[PDB]
$ cat my_file19.pdb   # PDB, C-alpha atoms (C1' of nucleotides)
ATOM      1  CA  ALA A   1     -67.770  29.446-128.530  1.00  0.00           C
ATOM      2  CA  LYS A   2     -67.721  33.173-127.869  1.00  0.00           C
ATOM      3  CA  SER A   3     -67.045  34.330-124.329  1.00  0.00           C
ATOM      4  CA  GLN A   4     -69.639  35.525-121.834  1.00  0.00           C
ATOM      5  CA  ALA A   5     -67.940  38.918-121.701  1.00  0.00           C
ATOM      6  CA  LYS A   6     -68.161  39.218-125.477  1.00  0.00           C
ATOM      7  CA  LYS A   7     -71.814  38.188-125.416  1.00  0.00           C
ATOM      8  CA  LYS A   8     -72.486  40.932-122.860  1.00  0.00           C
ATOM      9  CA  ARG A   9     -70.558  43.346-125.086  1.00  0.00           C
ATOM     10  CA  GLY A  10     -72.678  42.320-128.061  1.00  0.00           C
ATOM     11  CA  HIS A  11     -75.930  42.745-126.137  1.00  0.00           C
ATOM     12  CA  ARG A  12     -74.846  46.200-124.994  1.00  0.00           C
ATOM     13  CA  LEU A  13     -73.821  47.128-128.526  1.00  0.00           C
ATOM     14  CA  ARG A  14     -77.137  46.041-130.022  1.00  0.00           C
ATOM     15  CA  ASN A  15     -79.049  47.787-127.229  1.00  0.00           C
ATOM     16  CA  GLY A  16     -77.848  51.348-127.713  1.00  0.00           C
ATOM     17  CA  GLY A  17     -74.246  50.760-128.562  1.00  0.00           C
ATOM     18  CA  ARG A  18     -70.957  52.381-127.747  1.00  0.00           C
ATOM     19  CA  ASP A  19     -68.354  49.973-129.285  1.00  0.00           C
ATOM     20  CA  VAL A  20     -66.022  49.955-126.294  1.00  0.00           C
ATOM     21  CA  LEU A  21     -63.156  48.449-128.308  1.00  0.00           C
ATOM     22  CA  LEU A  22     -62.654  51.932-129.739  1.00  0.00           C
ATOM     23  CA  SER A  23     -62.150  53.144-126.161  1.00  0.00           C
ATOM     24  CA  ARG A  24     -59.703  50.284-125.675  1.00  0.00           C
ATOM     25  CA  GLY A  25     -56.082  51.378-125.699  1.00  0.00           C
ATOM     26  CA  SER A  26     -54.465  50.638-129.022  1.00  0.00           C
ATOM     27  CA  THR A  27     -51.666  48.079-129.002  1.00  0.00           C
ATOM     28  CA  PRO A  28     -48.545  48.711-131.092  1.00  0.00           C
ATOM     29  CA  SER A  29     -47.993  46.852-134.331  1.00  0.00           C
ATOM     30  CA  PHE A  30     -45.083  44.896-132.846  1.00  0.00           C
ATOM     31  CA  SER A  31     -44.843  42.462-129.944  1.00  0.00           C
ATOM     32  CA  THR A  32     -43.953  43.703-126.479  1.00  0.00           C
ATOM     33  CA  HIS A  33     -42.682  40.540-124.819  1.00  0.00           C
ATOM     34  CA  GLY A  34     -39.492  40.198-122.835  1.00  0.00           C
ATOM     35  CA  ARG A  35     -36.455  39.615-125.019  1.00  0.00           C
ATOM     36  CA  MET A  36     -33.532  37.857-123.351  1.00  0.00           C
ATOM     37  CA  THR A  37     -30.184  37.070-124.885  1.00  0.00           C
ATOM     38  CA  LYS A  38     -29.290  33.445-124.499  1.00  0.00           C
ATOM     39  CA  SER A  39     -27.759  31.619-121.553  1.00  0.00           C
ATOM     40  CA  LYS A  40     -24.495  29.712-121.434  1.00  0.00           C
ATOM     41  CA  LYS A  41     -26.395  26.417-121.603  1.00  0.00           C
ATOM     42  CA  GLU A  42     -28.191  27.467-124.787  1.00  0.00           C
ATOM     43  CA  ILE A  43     -25.083  28.890-126.440  1.00  0.00           C
ATOM     44  CA  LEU A  44     -22.976  25.900-125.368  1.00  0.00           C
ATOM     45  CA  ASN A  45     -25.349  23.339-126.879  1.00  0.00           C
ATOM     46  CA  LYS A  46     -26.797  25.420-129.708  1.00  0.00           C
ATOM     47  CA  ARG A  47     -24.895  23.208-132.232  1.00  0.00           C
ATOM     48  CA  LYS A  48     -24.454  25.755-134.991  1.00  0.00           C
ATOM     49  CA  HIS A  49     -22.631  25.093-138.289  1.00  0.00           C
ATOM     50  CA  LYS A  50     -22.541  21.313-137.517  1.00  0.00           C
ATOM     51  CA  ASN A  51     -18.905  20.842-138.441  1.00  0.00           C
ATOM     52  CA  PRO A  52     -17.828  17.172-138.231  1.00  0.00           C
ATOM     53  CA  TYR A  53     -15.242  15.896-135.790  1.00  0.00           C
ATOM     54  CA  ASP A  54     -11.635  14.986-136.537  1.00  0.00           C
TER      55      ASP A  54
ATOM     56  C1'   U B   1    -111.196  19.004 -51.527  1.00  0.00           C
ATOM     57  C1'   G B   2    -110.938  22.693 -47.609  1.00  0.00           C
ATOM     58  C1'   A B   3    -105.490  23.286 -43.738  1.00  0.00           C
ATOM     59  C1'   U B   4    -105.346  27.656 -41.784  1.00  0.00           C
ATOM     60  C1'   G B   5    -106.107  33.287 -41.070  1.00  0.00           C
ATOM     61  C1'   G B   6    -109.855  36.999 -40.176  1.00  0.00           C
ATOM     62  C1'   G B   7    -114.961  38.865 -39.133  1.00  0.00           C
ATOM     63  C1'   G B   8    -120.415  38.418 -37.249  1.00  0.00           C
ATOM     64  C1'   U B   9    -123.600  36.539 -33.281  1.00  0.00           C
ATOM     65  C1'   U B  10    -123.299  35.350 -27.760  1.00  0.00           C
ATOM     66  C1'   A B  11    -123.493  31.376 -22.820  1.00  0.00           C
ATOM     67  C1'   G B  12    -120.258  33.327 -19.593  1.00  0.00           C
ATOM     68  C1'   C B  13    -116.371  37.102 -17.426  1.00  0.00           C
ATOM     69  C1'   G B  14    -116.024  41.996 -16.665  1.00  0.00           C
ATOM     70  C1'   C B  15    -121.125  47.755 -13.271  1.00  0.00           C
ATOM     71  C1'   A B  16    -119.653  51.532 -18.770  1.00  0.00           C
ATOM     72  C1'   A B  17    -116.311  49.898 -22.250  1.00  0.00           C
ATOM     73  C1'   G B  18    -114.065  45.562 -23.256  1.00  0.00           C
ATOM     74  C1'   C B  19    -112.927  40.161 -23.387  1.00  0.00           C
ATOM     75  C1'   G B  20    -115.165  35.907 -25.026  1.00  0.00           C
ATOM     76  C1'   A B  21    -115.800  29.200 -25.362  1.00  0.00           C
ATOM     77  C1'   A B  22    -119.070  25.990 -28.211  1.00  0.00           C
ATOM     78  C1'   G B  23    -122.473  26.062 -32.188  1.00  0.00           C
ATOM     79  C1'   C B  24    -124.160  28.399 -36.613  1.00  0.00           C
ATOM     80  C1'   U B  25    -122.368  31.502 -40.172  1.00  0.00           C
ATOM     81  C1'   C B  26    -119.531  35.349 -43.966  1.00  0.00           C
ATOM     82  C1'   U B  27    -114.820  35.400 -46.072  1.00  0.00           C
ATOM     83  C1'   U B  28    -109.834  33.714 -47.023  1.00  0.00           C
ATOM     84  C1'   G B  29    -107.467  30.337 -49.503  1.00  0.00           C
ATOM     85  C1'   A B  30    -102.548  25.542 -47.913  1.00  0.00           C
ATOM     86  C1'   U B  31    -102.827  20.934 -50.376  1.00  0.00           C
ATOM     87  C1'   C B  32    -104.868  17.577 -54.565  1.00  0.00           C
ATOM     88  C1'   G B  33    -105.549  18.050 -59.659  1.00  0.00           C
ATOM     89  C1'   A B  34    -105.616  16.270 -66.349  1.00  0.00           C
ATOM     90  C1'   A B  35    -105.415  18.002 -71.135  1.00  0.00           C
ATOM     91  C1'   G B  36    -103.694  22.538 -72.984  1.00  0.00           C
ATOM     92  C1'   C B  37     -99.828  26.414 -73.211  1.00  0.00           C
ATOM     93  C1'   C B  38     -94.425  27.523 -72.346  1.00  0.00           C
ATOM     94  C1'   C B  39     -90.384  23.649 -73.419  1.00  0.00           C
ATOM     95  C1'   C B  40     -87.646  19.510 -76.591  1.00  0.00           C
ATOM     96  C1'   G B  41     -87.404  17.355 -81.397  1.00  0.00           C
ATOM     97  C1'   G B  42     -89.659  15.940 -86.387  1.00  0.00           C
ATOM     98  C1'   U B  43     -92.407  17.350 -90.839  1.00  0.00           C
ATOM     99  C1'   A B  44     -92.457  21.472 -96.971  1.00  0.00           C
ATOM    100  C1'   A B  45     -96.019  16.939-103.727  1.00  0.00           C
ATOM    101  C1'   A B  46     -98.009  20.962 -95.021  1.00  0.00           C
ATOM    102  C1'   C B  47     -99.377  26.567 -95.439  1.00  0.00           C
ATOM    103  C1'   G B  48     -95.348  29.181 -97.074  1.00  0.00           C
ATOM    104  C1'   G B  49     -90.144  31.548 -98.081  1.00  0.00           C
ATOM    105  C1'   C B  50     -85.844  31.276-101.425  1.00  0.00           C
ATOM    106  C1'   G B  51     -80.917  38.690 -99.793  1.00  0.00           C
ATOM    107  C1'   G B  52     -77.976  43.580-100.273  1.00  0.00           C
ATOM    108  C1'   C B  53     -73.465  46.635-101.086  1.00  0.00           C
ATOM    109  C1'   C B  54     -68.309  47.191-102.873  1.00  0.00           C
ATOM    110  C1'   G B  55     -63.773  46.004-105.366  1.00  0.00           C
ATOM    111  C1'   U B  56     -61.335  43.104-109.071  1.00  0.00           C
ATOM    112  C1'   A B  57     -58.320  40.119-115.268  1.00  0.00           C
ATOM    113  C1'   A B  58     -53.929  41.508-121.725  1.00  0.00           C
ATOM    114  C1'   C B  59     -54.737  49.405-121.217  1.00  0.00           C
ATOM    115  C1'   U B  60     -62.192  48.878-123.194  1.00  0.00           C
ATOM    116  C1'   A B  61     -66.185  46.061-121.505  1.00  0.00           C
ATOM    117  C1'   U B  62     -67.560  42.157-118.239  1.00  0.00           C
ATOM    118  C1'   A B  63     -66.307  39.737-113.627  1.00  0.00           C
ATOM    119  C1'   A B  64     -64.800  33.381-112.887  1.00  0.00           C
ATOM    120  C1'   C B  65     -62.444  35.785-107.898  1.00  0.00           C
ATOM    121  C1'   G B  66     -62.471  38.453-103.234  1.00  0.00           C
ATOM    122  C1'   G B  67     -64.419  41.576 -99.020  1.00  0.00           C
ATOM    123  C1'   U B  68     -68.487  42.519 -95.746  1.00  0.00           C
ATOM    124  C1'   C B  69     -73.527  42.748 -93.484  1.00  0.00           C
ATOM    125  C1'   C B  70     -77.868  39.771 -92.770  1.00  0.00           C
ATOM    126  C1'   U B  71     -80.732  35.267 -93.013  1.00  0.00           C
ATOM    127  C1'   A B  72     -84.254  29.743 -91.534  1.00  0.00           C
ATOM    128  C1'   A B  73     -82.337  29.573 -96.409  1.00  0.00           C
ATOM    129  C1'   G B  74     -80.856  32.946 -99.987  1.00  0.00           C
ATOM    130  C1'   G B  75     -84.070  31.009-106.732  1.00  0.00           C
ATOM    131  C1'   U B  76     -80.948  25.114-108.423  1.00  0.00           C
ATOM    132  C1'   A B  77     -82.371  22.804-113.384  1.00  0.00           C
ATOM    133  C1'   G B  78     -85.292  24.557-117.095  1.00  0.00           C
ATOM    134  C1'   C B  79     -87.505  28.798-119.161  1.00  0.00           C
ATOM    135  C1'   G B  80     -87.405  34.120-120.041  1.00  0.00           C
ATOM    136  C1'   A B  81     -89.985  41.293-123.019  1.00  0.00           C
TER     137        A B  81
END

$ encode --input "my_file19.pdb" --output "structure tokens"
Amino acid sequence: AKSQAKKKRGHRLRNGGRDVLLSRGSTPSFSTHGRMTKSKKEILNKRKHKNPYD
RNA sequence: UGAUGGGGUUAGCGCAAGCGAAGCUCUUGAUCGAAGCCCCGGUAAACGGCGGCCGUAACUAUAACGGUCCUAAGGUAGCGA
């Protein structure tokens, strides 16, 4: 299914269009989420290199 | 239906004037008085009626959302140049 907003956008582009996605602000090519370095829980039980116990 | 209230006439009383019973009259309307109407509900396959404005979401668009005024209620499903 296509959304009701996108159906209204399609009707207004057929009927004398403007193509408002051009007037949308262009996102960068990367991702803009929040990057957090890990916590002590995550680093303490990350289990890297899996070296056996002696 | 006619309680009263008022007037006309006059037997009589007052020498003018004026007062005036009864009767007969003209009028006034107390009371009595049902449906209806006002009132109280019901009824829309009874006649009929079924709203505005503004803001708002991933940089656009749109508004699920919210605000407010009014209403008897704000047009549902389905359909739609």

$ atom_distance --input "my_file19.pdb" --atom1 "atom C1' of residue B:23" --atom2 "atom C1' of residue B:9"
10.6 Å

$ closest_atom_pairs --input "my_file19.pdb" --of "stretch 3-28 of chain A" --to "stretch 55-72 of chain B" --cutoff "7 Å" --atoms "all atoms listed in the file" --output "Markdown table"
| residue | atom | partner | partner_atom | distance |
| --- | --- | --- | --- | --- |
| A:5 | CA | B:62 | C1' | 4.8 |
| A:8 | CA | B:62 | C1' | 6.9 |
| A:9 | CA | B:61 | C1' | 6.3 |
| A:20 | CA | B:60 | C1' | 5.0 |
| A:21 | CA | B:60 | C1' | 5.2 |
| A:23 | CA | B:60 | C1' | 5.2 |
| A:24 | CA | B:60 | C1' | 3.8 |
| A:25 | CA | B:59 | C1' | 5.1 |

$ resolve_selection --input "my_file19.pdb" --expression "the PyMOL selection byres ((chain B and resi 75-78) around 8)" --output "PyMOL selection string"
chain B and resi 50+74+79

$ write_last_selection --input "my_file19.pdb" --atoms "C-alpha atoms (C1' of nucleotides)" --output "PDB file, keeping the file's coordinate frame"
ATOM      1  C1'   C B  50     -85.844  31.276-101.425  1.00  0.00           C
ATOM      2  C1'   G B  74     -80.856  32.946 -99.987  1.00  0.00           C
ATOM      3  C1'   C B  79     -87.505  28.798-119.161  1.00  0.00           C
TER       4        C B  79
END

$ atom_distance --input "my_file19.pdb" --atom1 "atom CA of residue A:32" --atom2 "atom CA of residue A:3"
25.0 Å

$ residues_around --input "my_file19.pdb" --residues "residue B:5" --least-positions-apart "3" --cutoff "12 Å" --atoms "only C-alpha atoms (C1' of nucleotides)" --output "PyMOL selection string"
chain B and resi 27-30
